[PDB]
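In: Experimental structure and sequence below.
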Amino acid sequence: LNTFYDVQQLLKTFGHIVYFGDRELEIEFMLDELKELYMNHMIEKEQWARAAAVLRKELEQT
């Protein structure tokens, strides 16, 4: 929805609770997972677009 944490909860719903010790790499992983979820029709286009956007912002902020 709005923050990195929110996206974390979205992906936690689908089993992914990750921590590699590097925010940039965790974000890239998360973006791959979101895309796979959307490609597999498990999340609506609106949620995926917003989730990726939030991750892009987080990436810029880190």
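Out: Arrived safely, thanks for sending. Numbering: from 1, shown residues only.

In: Let's verify the residue of the chain most remote from its centre: helix, strand, or coil?
Out: Residue farthest from the centre of the chain, counting by C-alpha atoms, centre = their mean, is residue 21 at 16.2 Å. For residue 21, the secondary-structure state derived from DSSP: H, G, I helix; E, B strand; the rest coil is coil.

In: Residue 19 contacts residue 26, correct?
Out: Yes - Residue 19 lies in contact with residue 26 (C-beta atoms under 8 Å); the separation is 6.7 Å. To be clear about C-beta, it is placed using only N, CA and C from the backbone, and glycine gets the same treatment.

In: Does residue 29 belong to a helix, a strand or coil?
Out: Applying three-state DSSP: residue 29 is helix.

In: Helices of the chain, residue ranges please.
Out: Here the chain has its helices, by DSSP state H, at 4-12, 23-39, 45-61.

In: how about TSV for those helices, with mean neighbour count added?
Out: Shown next, in TSV, are the helices of the chain (neighbours: other C-beta atoms under 10 Å):
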stretch	mean neighbour count
helix 4-12	16
helix 23-39	16
helix 45-61	14
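
In: Spatially central residue (nearest the centroid) of the protein, please.
Out: Residue closest to the average C-alpha location in the chain (C-alpha atoms, centre = their mean): residue 30, at 4.2 Å.

In: That one contacts residue 58, doesn't it?
Out: No - using C-beta under 8 Å, residue 30 is not in contact with residue 58, being 9.2 Å away.
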